[PDB]
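Beneath this line is the structure, given in structure tokens, with notes to follow.
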Amino acid sequence: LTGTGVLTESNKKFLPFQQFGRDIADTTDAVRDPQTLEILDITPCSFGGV
Amino acid sequence: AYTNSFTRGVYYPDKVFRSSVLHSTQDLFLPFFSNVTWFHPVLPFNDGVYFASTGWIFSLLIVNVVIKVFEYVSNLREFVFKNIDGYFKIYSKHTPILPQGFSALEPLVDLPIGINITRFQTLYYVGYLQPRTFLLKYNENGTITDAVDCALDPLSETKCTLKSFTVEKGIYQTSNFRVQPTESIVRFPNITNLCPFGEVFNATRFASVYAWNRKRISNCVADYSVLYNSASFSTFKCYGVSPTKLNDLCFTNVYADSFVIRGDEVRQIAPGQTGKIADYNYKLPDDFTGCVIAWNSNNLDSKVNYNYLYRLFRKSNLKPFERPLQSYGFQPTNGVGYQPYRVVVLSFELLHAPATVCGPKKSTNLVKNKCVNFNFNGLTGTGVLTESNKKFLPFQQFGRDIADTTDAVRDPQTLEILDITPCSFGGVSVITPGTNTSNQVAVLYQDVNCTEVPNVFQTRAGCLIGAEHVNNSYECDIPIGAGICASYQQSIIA
Amino acid sequence: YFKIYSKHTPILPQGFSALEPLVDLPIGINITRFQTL
Amino acid sequence: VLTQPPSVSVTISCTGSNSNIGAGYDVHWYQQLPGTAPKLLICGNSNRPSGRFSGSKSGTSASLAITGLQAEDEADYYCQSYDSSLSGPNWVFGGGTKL
Amino acid sequence: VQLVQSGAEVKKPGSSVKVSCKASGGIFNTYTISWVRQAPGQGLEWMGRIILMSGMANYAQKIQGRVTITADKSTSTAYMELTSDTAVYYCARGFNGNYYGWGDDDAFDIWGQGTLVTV
Ligand SMILES: *[C@@H]1O[C@H](CO)[C@@H](O)[C@H](O)[C@H]1NC(C)=O
Ligand SMILES: *[C@@H]1O[C@H](CO)[C@@H](O)[C@H](O)[C@H]1NC(C)=O
Ligand SMILES: *[C@@H]1O[C@H](CO)[C@@H](O)[C@H](O)[C@H]1NC(C)=O
Ligand SMILES: *[C@@H]1O[C@H](CO)[C@@H](O)[C@H](O)[C@H]1NC(C)=O
Ligand SMILES: *[C@@H]1O[C@H](CO)[C@@H](O)[C@H](O)[C@H]1NC(C)=O
Ligand SMILES: *[C@@H]1O[C@H](CO)[C@@H](O)[C@H](O)[C@H]1NC(C)=O
Ligand SMILES: *[C@@H]1O[C@H](CO)[C@@H](O)[C@H](O)[C@H]1NC(C)=O
Ligand SMILES: *[C@@H]1O[C@H](CO)[C@@H](O)[C@H](O)[C@H]1NC(C)=O
Ligand SMILES: *[C@@H]1O[C@H](CO)[C@@H](O)[C@H](O)[C@H]1NC(C)=O
Ligand SMILES: *[C@@H]1O[C@H](CO)[C@@H](O)[C@H](O)[C@H]1NC(C)=O
């Protein structure tokens with residue numbers, strides 16, 4: 001499952017069978033690291049008007 | 001024996017973590033409060049199966065854990081078995097103690113098998129899954145703590161509509177109501193205009209094959225039924241078209257070519273054939289479209305008959321449809337290939353002109369005061385047909401309203417005028433007191449008569465079912481419309 | 001289709017009147033000239 | 001009745017008369033395996049259904065050609081044609097040849 | 001198309017038999033049903049043909065007067081029945097690849113299982 005952004009440690013807890021999570025608008029919010037199983041949050045890369 | 005699956009058979013539809021969120025999903029679920037077969041035996045497998053107990057064979061065999069078809073090796077026992085796109089999915093949970101209380105089943109294993117199972121055996125409750133929409137409530141830990149079957153009843157529909165497990169008092173539109181057609185009718189003018197086939201097939205005098213005669217047939221319907229079910233046709237064959245489809249197509253013109261030849265000569269009146277008739281007297285083109293009909297006409301021709309002529313010599317070959325000599329001399333006593341056959345060839349002409357020759361149009365009876373699919377003399381529509389009080393001019397077939405929509409039609413057989421009204425439809429709304437006081441609702445069908453909907457109060461706004469009508473006025477609470485309000489007392493009143 | 005429309009009234013004169021259809025003939029021919037007899 | 005050789009070890013002949021084969025009428029061919037109904041292998045002069053075979057007419061005779069001693073096709077082969085004599089239409093099957 | 005016939009049965013000699021045949025496959029290109037019999041050790045014999053549309057049937061002269069064929073459109077069946085041998089009676093549809101309908105140059109392409117009748 002693809003995406004782009006900044007990966008940080010998550011404080012969320014996934015159930016043992018869950019691989020990634022989604023927010024209210026059904027957008028990927030977090031993923032599980034498939035090798036060590038830590039949960040990583042995905043934040044957007046900053047952008048905005050200048 | 002059956003039991004009540006109060007709140008069971010729900011599973012996590014995917015591998016996605018959700019938290020503190022309400023989610024609407026469509027998947028194969030066991031409906032709430034279903035009839036689950038209770039065993040103390042081979043079962044069907046459909047879209048998916050719910051199974052519970054207090055090994056399996058699907059040949060996919062699960063024997064406690066050894067799974068073989070492909071091979072894989074790894075209180076209330078609650079399972080779900082479904083298979084999609086070749087994957088056999090097993091869901092499972094084990095709990096202490098069908099019982100009450102909601103619980104979702106976690107995925108156990110996804111098996112990439114690629115097989116279609118329709119039966120299974122167990123070596124004990126069996127339920128079935130089907131496409132339904134469920135609302136799921138997740139907690140902070142990603143666990144499903146509750147669920148709503150959006151198709152179970154009107155309150156569940158309201159909860160799904162509002163994306164909430166709690167409903168505030170008010171009136172909400174949750175779905176539409178629409179009356180479906182129950183029958184289908186087609187109506188056409190009762191036809192008397194049949195093609196003069198009698199002068200082709202039931203005539204007394206025929207031209208001989210060397211100079212055959214023809215009729216031009218127009219402005220009629222060809223009742224092919226009369227010809228193919230004839231009591232005496234020895235052969236009947238069509239080229240480019242099947243006899244059973246002739247009534248569904250219209251030609252510009254059809255022509256009936258008739259002549260007399262001997263019995264065994266009849267196979268020459270066909271495309272691709274050669275011989276004394278095919279080349280010298282009646283040439284039948286290889287691109288011929290039409291039907292050839294022939295029969296034994298001995299009784300009306302043969303004599304104890306040097307009448308019909310054909311040729312033995314012609315300097316050059318004939319081209320399609322052109323029209324030295326010898327007489328046949330038909331005799332009452334001969335073999336089947338040597339008495340006379342009467343032959344009629346019906347050619348089918350299609351060109352850049354209005355079609356003129358069709359088959360008869362069949363009609364159904366007329367249905368009134370019910371929703372039907374219909375077409376009157378070719379113009380389609382749907383709705384309820386009633387007697388009209390309108391008067392059409394003698395040449396008018398149907399009428400239209402201000403928005404150029406069919407309003408009425410004339411019955412093509414009896415010429416009465418029928419109005420077309422729409423099949424009722426409208427929003428269906430749920431009138432509910434807050435969930436914090438009561439969990440019962442009244443349902444309003446907008447602009448629907450109560451007699452056509454399937455404690456009923458017919459109002460101007462629509463048909464209100466489940467609320468009772470009282471003669472006491474009150475300050476309004478949940479407005480319905482047209483001066484009517486509803487509230488909760490110990491039941492819902494209007 | 002050769003369409004004929006027609007009406008017959010007692011008595012060009014003034015006054016509006018529409019002509020009702022008389023007959024629709026499925027002929028398939030192009031006419032560019034005509035004669036009255 | 002159409003005349004056929006009792007057996008053939010190749011081609012299967014079928015001889016009639018000018019009232020049925022020399023009449024121009026189509027001669028169809030069938031292969032009947034023991035235990036079941038006959039299967040059509042030739043329609044018309046030499047057309048065939050899906051599923052090695054050919055044939056032709058000459059005078060009042062006709063024949064079936066089978067090429068290659070494949071498997072053990074020890075079927076009873078029959079010819080069929082329309083007969084235009086007697087006092088009415090009838091269809092005639094040949095004596096039958098064992099291959 | 002598929003043509004299903006009756007199973008085997010035994011009658012007393014001199015009595016009558018009715019053999020059914022149902023063209024359950026489609027019935028969309030079937031205009032006529034023919035009956036052919038085969039005595040044990042013998043070739044095949046045409047007995048008759050019925051045109052389903054018209055209800056008319058022709059028969060082999062050798063059995064004329066003791067055989068009838070009935071076409072029941074409503075069930076898509078043809079009944080072959082005899083009055084007063086131990087042959088197998090086969091049901092087959094007529095077919096021609098050059099034209100639709102029926103004639104003299106057509107052929108029996110799809111055959112049923114064969115119903116034997118013995119005494
Ligand atoms: C990744 O490899 C480590 C060994 O360093 C192993 O302990 C761990 O379980 C593996 N992760 C997965 C998801 O298999
Ligand atoms: C289960 O089936 C019985 C009839 O055997 C019926 O009376 C009962 O109402 C059904 N219950 C449910 C929930 O469908
Ligand atoms: C389902 O059965 C059909 C045969 O009717 C087969 O072709 C298809 O591949 C099967 N489905 C799967 C996922 O294998
Ligand atoms: C969520 O998990 C924590 C353990 O970290 C537990 O204490 C808490 O009760 C759980 N929440 C619910 C609603 O069960
Ligand atoms: C010919 O006339 C007979 C009545 O003698 C009738 O039954 C038959 O249908 C007619 N055939 C045609 C084509 O009109
Ligand atoms: C329909 O048939 C009846 C005979 O019952 C006849 O009187 C009526 O005029 C026919 N209708 C039309 C439109 O021809
Ligand atoms: C709502 O629920 C609370 C209990 O949590 C109850 O005290 C309150 O009276 C209820 N309100 C209404 C209008 O029923
Ligand atoms: C409902 O239909 C009946 C006819 O069965 C009619 O008498 C009644 O007035 C109608 N009521 C409404 C509100 O349309
Ligand atoms: C309202 O009053 C009428 C008499 O005018 C009576 O027939 C009817 O039953 C009453 N309805 C209710 C709900 O009390
Ligand atoms: C009009 O004339 C052309 C020849 O110029 C002809 O092809 C066409 O079909 C005619 N129109 C109609 C309706 O026949």
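By order of appearance in the structure tokens: chains A, B, ..., then residues from 1 within every chain, and ligands from 1 in the order shown.
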
Show me which residues line ligand 4, defined as having an atom within 9 Å of a ligand atom where only C-alpha atoms and all ligand atoms count, and present them as a list in words.
residues 13 of chain A; 139, 140, 141, 142, 143 and 145 of chain B

Which of chain E fall in strand (DSSP E), as a PyMOL selection string:
chain E and resi 4-5+9-10+17-19+21-22+32-38+45-51+57-59+67-72+77-82+88-95+100-102+107-111+115-118

May I have the residues within 9 Å of residue C:21 as a list in words, using only C-alpha atoms and disregarding those fewer than 6 positions away in the same chain?
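Listing them by chain and then by number gives residues 395 of chain B; 3, 4, 5, 6 and 7 of chain C.
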
Which residues come within 9 Å of residue E:67, counting only C-alpha atoms, excluding same-chain residues fewer than 6 positions away, as a list in words?
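That gives residues 47, 48, 59, 80, 81, 82 and 83 of chain E.
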
Write the selection just made, keeping N, CA and C atoms, as a PDB file, in the first residue's frame?
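Contents of result26.pdb, freshly written:
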```pdb
ATOM      1  N   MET E  47     -39.198 -45.438 -39.823  1.00  0.00           N
ATOM      2  CA  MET E  47     -40.590 -45.797 -39.588  1.00  0.00           C
ATOM      3  C   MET E  47     -41.553 -44.671 -39.886  1.00  0.00           C
ATOM      4  N   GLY E  48     -41.117 -43.447 -39.647  1.00  0.00           N
ATOM      5  CA  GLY E  48     -42.014 -42.317 -39.821  1.00  0.00           C
ATOM      6  C   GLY E  48     -41.410 -41.008 -39.365  1.00  0.00           C
ATOM      7  N   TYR E  59     -45.506 -42.164 -42.843  1.00  0.00           N
ATOM      8  CA  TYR E  59     -45.079 -43.448 -42.308  1.00  0.00           C
ATOM      9  C   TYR E  59     -44.499 -44.356 -43.370  1.00  0.00           C
ATOM     10  N   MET E  80     -44.651 -41.962 -30.174  1.00  0.00           N
ATOM     11  CA  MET E  80     -44.623 -43.027 -31.155  1.00  0.00           C
ATOM     12  C   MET E  80     -45.374 -44.214 -30.616  1.00  0.00           C
ATOM     13  N   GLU E  81     -46.477 -44.589 -31.239  1.00  0.00           N
ATOM     14  CA  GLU E  81     -47.182 -45.729 -30.686  1.00  0.00           C
ATOM     15  C   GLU E  81     -47.573 -46.742 -31.737  1.00  0.00           C
ATOM     16  N   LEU E  82     -47.510 -47.994 -31.317  1.00  0.00           N
ATOM     17  CA  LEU E  82     -47.764 -49.123 -32.187  1.00  0.00           C
ATOM     18  C   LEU E  82     -48.824 -50.045 -31.642  1.00  0.00           C
ATOM     19  N   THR E  83     -49.553 -50.663 -32.560  1.00  0.00           N
ATOM     20  CA  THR E  83     -50.530 -51.689 -32.228  1.00  0.00           C
ATOM     21  C   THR E  83     -50.009 -53.052 -32.700  1.00  0.00           C
TER      22      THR E  83
END
```

What do you get as a list in words if you pick all residues at most 10 Å from ligand 10, counting only C-alpha atoms and all ligand atoms?
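Counting only what the definition allows, namely only C-alpha atoms and all ligand atoms, the set is residues 351, 352, 353 and 354 of chain B; 1, 2, 26, 27, 28, 29, 30 and 31 of chain C.
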
For ligand 8, collect every residue having any atom at a distance of at most 7 Å from a ligand atom (counting only C-alpha atoms and all ligand atoms); output as a tab-separated table (two decimals) with N, CA and C atoms, in the first residue's frame.
```tsv
chain	number	residue	atom	x	y	z
B	449	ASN	N	-51.19	6.60	-0.81
B	449	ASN	CA	-52.45	6.12	-0.28
B	449	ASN	C	-52.17	4.85	0.54
B	450	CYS	N	-52.89	4.68	1.66
B	450	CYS	CA	-52.53	3.57	2.60
B	450	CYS	C	-52.89	2.24	2.01
B	451	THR	N	-53.83	2.22	1.09
B	451	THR	CA	-54.28	0.97	0.52
B	451	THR	C	-53.24	0.38	-0.43
B	458	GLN	N	-54.44	7.73	7.75
B	458	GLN	CA	-54.23	8.40	6.48
B	458	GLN	C	-54.31	9.90	6.68
B	459	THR	N	-53.26	10.60	6.29
B	459	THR	CA	-53.22	12.05	6.42
B	459	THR	C	-52.99	12.66	5.05
B	460	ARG	N	-53.06	13.98	4.96
B	460	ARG	CA	-52.80	14.66	3.70
B	460	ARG	C	-51.34	14.47	3.29
```

Sort by chain and increasing residue number a table of all residues of chain A within 6 Å of chain B, each with its closest pair of atoms and their distance in Å to one decimal, counting only C-alpha atoms, and write it as JSON lines.
```
{"residue": "A:18", "atom": "CA", "partner": "B:15", "partner_atom": "CA", "distance": 4.4}
{"residue": "A:19", "atom": "CA", "partner": "B:15", "partner_atom": "CA", "distance": 5.8}
{"residue": "A:20", "atom": "CA", "partner": "B:16", "partner_atom": "CA", "distance": 5.3}
{"residue": "A:21", "atom": "CA", "partner": "B:17", "partner_atom": "CA", "distance": 4.0}
{"residue": "A:22", "atom": "CA", "partner": "B:18", "partner_atom": "CA", "distance": 5.8}
```

Which residues are near residue E:1? Cut-off 10 Å, only C-alpha atoms, ignore same chain within fewer than 5 positions. Put them as a list in words.
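So, after excluding close chain neighbours, the residues are residues 23, 24, 25, 26, 27, 28, 29, 30, 93, 109, 110 and 111 of chain E.
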
Taking only C-alpha atoms and all ligand atoms into account, which residues have an atom no farther than 10 Å from ligand 5? I'd like them as a count of residues only.
19

Show me, as CSV, the residues of chain D having an atom within 7 Å of chain B, each with the closest atom pair and its distance in Å, using only C-alpha atoms.
```
residue,atom,partner,partner_atom,distance
D:84,CA,B:337,CA,4.3
D:85,CA,B:335,CA,3.9
D:86,CA,B:335,CA,4.8
D:87,CA,B:335,CA,4.9
D:88,CA,B:336,CA,4.5
D:89,CA,B:336,CA,5.9
```

Neighbour list for stretch 57-62 of chain D as a PDB file with N, CA, C and O atoms, in the first residue's frame, cut-off 10 Å, only C-alpha atoms, skip fewer than 6 positions in-chain:
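What landed in result_20.pdb:
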```
ATOM      1  N   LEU D   2     -30.242 -49.666 -49.691  1.00  0.00           N
ATOM      2  CA  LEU D   2     -28.960 -49.344 -50.329  1.00  0.00           C
ATOM      3  C   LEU D   2     -27.971 -50.470 -50.041  1.00  0.00           C
ATOM      4  O   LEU D   2     -27.903 -50.991 -48.923  1.00  0.00           O
ATOM      5  N   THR D   3     -27.233 -50.872 -51.056  1.00  0.00           N
ATOM      6  CA  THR D   3     -26.337 -52.004 -50.926  1.00  0.00           C
ATOM      7  C   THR D   3     -24.980 -51.611 -50.390  1.00  0.00           C
ATOM      8  O   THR D   3     -24.353 -50.660 -50.865  1.00  0.00           O
ATOM      9  N   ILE D  12     -15.853 -47.034 -47.495  1.00  0.00           N
ATOM     10  CA  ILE D  12     -17.105 -47.751 -47.352  1.00  0.00           C
ATOM     11  C   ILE D  12     -18.002 -47.357 -48.511  1.00  0.00           C
ATOM     12  O   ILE D  12     -18.341 -46.184 -48.670  1.00  0.00           O
ATOM     13  N   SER D  13     -18.389 -48.309 -49.333  1.00  0.00           N
ATOM     14  CA  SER D  13     -19.238 -47.982 -50.470  1.00  0.00           C
ATOM     15  C   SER D  13     -20.723 -47.971 -50.079  1.00  0.00           C
ATOM     16  O   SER D  13     -21.093 -48.500 -49.025  1.00  0.00           O
ATOM     17  N   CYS D  14     -21.564 -47.379 -50.948  1.00  0.00           N
ATOM     18  CA  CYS D  14     -23.016 -47.364 -50.853  1.00  0.00           C
ATOM     19  C   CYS D  14     -23.627 -47.279 -52.243  1.00  0.00           C
ATOM     20  O   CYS D  14     -23.465 -46.279 -52.954  1.00  0.00           O
ATOM     21  N   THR D  15     -24.296 -48.338 -52.674  1.00  0.00           N
ATOM     22  CA  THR D  15     -24.841 -48.335 -54.024  1.00  0.00           C
ATOM     23  C   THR D  15     -26.355 -48.361 -54.018  1.00  0.00           C
ATOM     24  O   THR D  15     -26.981 -49.219 -53.391  1.00  0.00           O
ATOM     25  N   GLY D  16     -26.946 -47.415 -54.717  1.00  0.00           N
ATOM     26  CA  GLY D  16     -28.384 -47.315 -54.801  1.00  0.00           C
ATOM     27  C   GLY D  16     -28.815 -47.368 -56.245  1.00  0.00           C
ATOM     28  O   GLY D  16     -28.274 -48.129 -57.048  1.00  0.00           O
ATOM     29  N   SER D  17     -29.792 -46.545 -56.563  1.00  0.00           N
ATOM     30  CA  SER D  17     -30.374 -46.466 -57.889  1.00  0.00           C
ATOM     31  C   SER D  17     -30.585 -45.008 -58.237  1.00  0.00           C
ATOM     32  O   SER D  17     -30.238 -44.111 -57.460  1.00  0.00           O
ATOM     33  N   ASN D  18     -31.181 -44.754 -59.391  1.00  0.00           N
ATOM     34  CA  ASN D  18     -31.413 -43.393 -59.841  1.00  0.00           C
ATOM     35  C   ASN D  18     -32.687 -42.819 -59.243  1.00  0.00           C
ATOM     36  O   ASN D  18     -33.110 -41.718 -59.593  1.00  0.00           O
ATOM     37  N   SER D  19     -33.288 -43.568 -58.324  1.00  0.00           N
ATOM     38  CA  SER D  19     -34.465 -43.126 -57.600  1.00  0.00           C
ATOM     39  C   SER D  19     -34.085 -42.590 -56.219  1.00  0.00           C
ATOM     40  O   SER D  19     -34.945 -42.124 -55.470  1.00  0.00           O
ATOM     41  N   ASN D  20     -32.797 -42.666 -55.872  1.00  0.00           N
ATOM     42  CA  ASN D  20     -32.360 -42.223 -54.554  1.00  0.00           C
ATOM     43  C   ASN D  20     -30.962 -41.593 -54.538  1.00  0.00           C
ATOM     44  O   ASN D  20     -30.789 -40.497 -54.016  1.00  0.00           O
ATOM     45  N   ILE D  21     -29.961 -42.250 -55.106  1.00  0.00           N
ATOM     46  CA  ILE D  21     -28.625 -41.659 -55.109  1.00  0.00           C
ATOM     47  C   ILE D  21     -28.348 -40.958 -56.424  1.00  0.00           C
ATOM     48  O   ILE D  21     -27.848 -39.839 -56.452  1.00  0.00           O
ATOM     49  N   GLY D  22     -28.711 -41.600 -57.530  1.00  0.00           N
ATOM     50  CA  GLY D  22     -28.490 -41.016 -58.852  1.00  0.00           C
ATOM     51  C   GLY D  22     -29.569 -39.989 -59.113  1.00  0.00           C
ATOM     52  O   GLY D  22     -29.552 -39.267 -60.107  1.00  0.00           O
ATOM     53  N   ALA D  23     -30.501 -39.925 -58.179  1.00  0.00           N
ATOM     54  CA  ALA D  23     -31.584 -38.977 -58.191  1.00  0.00           C
ATOM     55  C   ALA D  23     -31.053 -37.599 -57.842  1.00  0.00           C
ATOM     56  O   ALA D  23     -31.713 -36.590 -58.080  1.00  0.00           O
ATOM     57  N   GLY D  24     -29.861 -37.554 -57.251  1.00  0.00           N
ATOM     58  CA  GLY D  24     -29.245 -36.301 -56.847  1.00  0.00           C
ATOM     59  C   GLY D  24     -29.432 -36.010 -55.367  1.00  0.00           C
ATOM     60  O   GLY D  24     -28.779 -35.122 -54.821  1.00  0.00           O
ATOM     61  N   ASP D  26     -29.187 -36.007 -51.407  1.00  0.00           N
ATOM     62  CA  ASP D  26     -28.027 -36.098 -50.537  1.00  0.00           C
ATOM     63  C   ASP D  26     -27.913 -37.441 -49.845  1.00  0.00           C
ATOM     64  O   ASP D  26     -28.916 -38.028 -49.437  1.00  0.00           O
ATOM     65  N   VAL D  27     -26.679 -37.923 -49.715  1.00  0.00           N
ATOM     66  CA  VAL D  27     -26.406 -39.175 -49.027  1.00  0.00           C
ATOM     67  C   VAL D  27     -25.638 -38.873 -47.761  1.00  0.00           C
ATOM     68  O   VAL D  27     -24.507 -38.401 -47.816  1.00  0.00           O
ATOM     69  N   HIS D  28     -26.250 -39.146 -46.626  1.00  0.00           N
ATOM     70  CA  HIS D  28     -25.665 -38.797 -45.345  1.00  0.00           C
ATOM     71  C   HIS D  28     -24.994 -40.025 -44.775  1.00  0.00           C
ATOM     72  O   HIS D  28     -25.368 -41.148 -45.114  1.00  0.00           O
ATOM     73  N   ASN D  45     -23.365 -33.699 -49.219  1.00  0.00           N
ATOM     74  CA  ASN D  45     -22.411 -34.498 -49.969  1.00  0.00           C
ATOM     75  C   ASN D  45     -21.194 -34.769 -49.098  1.00  0.00           C
ATOM     76  O   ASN D  45     -20.788 -35.921 -48.946  1.00  0.00           O
ATOM     77  N   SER D  46     -20.605 -33.718 -48.525  1.00  0.00           N
ATOM     78  CA  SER D  46     -19.411 -33.919 -47.716  1.00  0.00           C
ATOM     79  C   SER D  46     -19.181 -32.877 -46.612  1.00  0.00           C
ATOM     80  O   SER D  46     -18.039 -32.531 -46.312  1.00  0.00           O
ATOM     81  N   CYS D  79     -25.233 -45.550 -44.625  1.00  0.00           N
ATOM     82  CA  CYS D  79     -25.576 -44.465 -45.539  1.00  0.00           C
ATOM     83  C   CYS D  79     -27.083 -44.244 -45.499  1.00  0.00           C
ATOM     84  O   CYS D  79     -27.861 -45.186 -45.332  1.00  0.00           O
TER      85      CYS D  79
END
```

For ligand 7, list the contacting residues at 9 Å or closer, counting only C-alpha atoms and all ligand atoms, as a ChimeraX atom specification.
/B:434-438

Would you save the residues of that selection, restricted to N, CA, C and O atoms, as a PDB file, in the first residue's frame?
```
ATOM      1  N   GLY B 434     -36.882  10.603  21.022  1.00  0.00           N
ATOM      2  CA  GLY B 434     -35.473  10.353  21.215  1.00  0.00           C
ATOM      3  C   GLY B 434     -35.227   8.937  21.713  1.00  0.00           C
ATOM      4  O   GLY B 434     -35.990   8.399  22.524  1.00  0.00           O
ATOM      5  N   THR B 435     -34.103   8.381  21.287  1.00  0.00           N
ATOM      6  CA  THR B 435     -33.675   7.027  21.654  1.00  0.00           C
ATOM      7  C   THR B 435     -33.510   6.865  23.184  1.00  0.00           C
ATOM      8  O   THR B 435     -33.632   5.759  23.711  1.00  0.00           O
ATOM      9  N   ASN B 436     -33.254   7.975  23.891  1.00  0.00           N
ATOM     10  CA  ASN B 436     -33.070   8.034  25.349  1.00  0.00           C
ATOM     11  C   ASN B 436     -34.395   7.833  26.113  1.00  0.00           C
ATOM     12  O   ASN B 436     -34.374   7.678  27.346  1.00  0.00           O
ATOM     13  N   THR B 437     -35.553   7.791  25.433  1.00  0.00           N
ATOM     14  CA  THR B 437     -36.850   7.524  26.072  1.00  0.00           C
ATOM     15  C   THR B 437     -37.536   6.317  25.477  1.00  0.00           C
ATOM     16  O   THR B 437     -38.223   5.576  26.181  1.00  0.00           O
ATOM     17  N   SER B 438     -37.364   6.119  24.183  1.00  0.00           N
ATOM     18  CA  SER B 438     -38.073   5.046  23.519  1.00  0.00           C
ATOM     19  C   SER B 438     -37.367   4.559  22.269  1.00  0.00           C
ATOM     20  O   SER B 438     -36.633   5.298  21.621  1.00  0.00           O
TER      21      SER B 438
END
```

Counting only C-alpha atoms, what are the residues of chain E within 7 Å of chain B, and for each of them which pair of atoms is the nearest and at what distance in Å, to one decimal? Sort the table by chain and rising number, as CSV.
```
residue,atom,partner,partner_atom,distance
E:53,CA,B:229,CA,4.9
E:54,CA,B:229,CA,3.7
E:56,CA,B:231,CA,6.1
E:99,CA,B:239,CA,5.5
E:100,CA,B:238,CA,5.3
E:101,CA,B:237,CA,4.6
E:102,CA,B:235,CA,5.7
E:103,CA,B:235,CA,4.6
```

For chain D, which residues have at least one atom within 9 Å of chain E, if we go by only C-alpha atoms? Write them as a ChimeraX atom specification, please.
/D:25-28,36-41,43-44,47,49,76,78,80-83,86-96

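Here the question is which of B:164, B:393, B:83, B:105 gets nearest to chain C using only C-alpha atoms, and that residue is B:393.
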
Got a sec to check which residues lie within 6 Å of ligand 9, using only C-alpha atoms and all ligand atoms, and send them as a PyMOL selection string?
chain B and resi 469-471

Put those residues in a file: N, CA, C and O atoms, as a short mmCIF file (atom, residue, chain, number, x, y, z; two decimals), in the first residue's frame.
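The result, written out as selection21.cif:
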```cif
data_model
loop_
_atom_site.label_atom_id
_atom_site.label_comp_id
_atom_site.auth_asym_id
_atom_site.auth_seq_id
_atom_site.Cartn_x
_atom_site.Cartn_y
_atom_site.Cartn_z
N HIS B 469 -54.22 7.92 15.98
CA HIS B 469 -54.87 9.21 15.81
C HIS B 469 -55.73 9.55 17.01
O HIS B 469 -56.59 8.76 17.41
N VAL B 470 -55.51 10.72 17.59
CA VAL B 470 -56.30 11.15 18.74
C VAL B 470 -57.05 12.44 18.40
O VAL B 470 -56.63 13.18 17.51
N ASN B 471 -58.14 12.73 19.15
CA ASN B 471 -58.99 13.91 18.94
C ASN B 471 -58.54 15.13 19.77
O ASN B 471 -59.18 16.18 19.72
#
```

Based on DSSP run over this structure's backbone, return all residues of stretch 4-93 of chain E in helix (DSSP H, G or I), as a list in words.
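Filtering stretch 4-93 of chain E down to helix (DSSP H, G or I) leaves residues 61, 62, 63, 73, 74 and 75 of chain E.
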
Residues within 10 Å of ligand 6 should be enumerated using only C-alpha atoms and all ligand atoms and returned as a ChimeraX atom specification.
/B:188-192,411-415

Restricting it to N, CA, C and O atoms, dump the selection as a CSV table (one decimal), in the first residue's frame.
```csv
chain,number,residue,atom,x,y,z
B,188,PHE,N,-52.5,-3.8,-29.5
B,188,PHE,CA,-52.5,-3.4,-30.9
B,188,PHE,C,-53.9,-3.5,-31.5
B,188,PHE,O,-54.7,-4.4,-31.1
B,189,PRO,N,-54.3,-2.7,-32.5
B,189,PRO,CA,-55.5,-2.8,-33.3
B,189,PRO,C,-55.7,-4.2,-33.7
B,189,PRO,O,-54.8,-4.9,-34.2
B,190,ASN,N,-56.9,-4.8,-33.6
B,190,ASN,CA,-57.2,-6.2,-34.0
B,190,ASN,C,-57.2,-6.3,-35.5
B,190,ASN,O,-58.1,-5.7,-36.1
B,191,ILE,N,-56.2,-7.0,-36.1
B,191,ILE,CA,-56.0,-6.9,-37.5
B,191,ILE,C,-56.8,-7.9,-38.4
B,191,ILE,O,-57.0,-9.1,-38.1
B,192,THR,N,-57.4,-7.3,-39.4
B,192,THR,CA,-58.2,-8.0,-40.4
B,192,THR,C,-57.4,-8.0,-41.8
B,192,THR,O,-57.8,-8.7,-42.7
B,411,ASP,N,-57.2,3.1,-26.3
B,411,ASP,CA,-57.2,1.7,-26.4
B,411,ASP,C,-57.4,1.3,-27.9
B,411,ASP,O,-58.5,1.5,-28.4
B,412,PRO,N,-56.4,0.8,-28.6
B,412,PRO,CA,-56.5,0.5,-30.0
B,412,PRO,C,-57.5,-0.5,-30.5
B,412,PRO,O,-57.7,-0.6,-31.7
B,413,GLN,N,-58.1,-1.2,-29.5
B,413,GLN,CA,-59.1,-2.2,-29.9
B,413,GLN,C,-60.5,-1.8,-29.7
B,413,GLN,O,-61.4,-2.1,-30.5
B,414,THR,N,-60.8,-1.1,-28.5
B,414,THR,CA,-62.1,-0.7,-28.2
B,414,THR,C,-62.3,0.8,-28.3
B,414,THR,O,-63.4,1.4,-28.2
B,415,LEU,N,-61.2,1.6,-28.4
B,415,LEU,CA,-61.1,3.0,-28.5
B,415,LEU,C,-61.6,3.8,-27.3
B,415,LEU,O,-62.0,4.9,-27.4
```
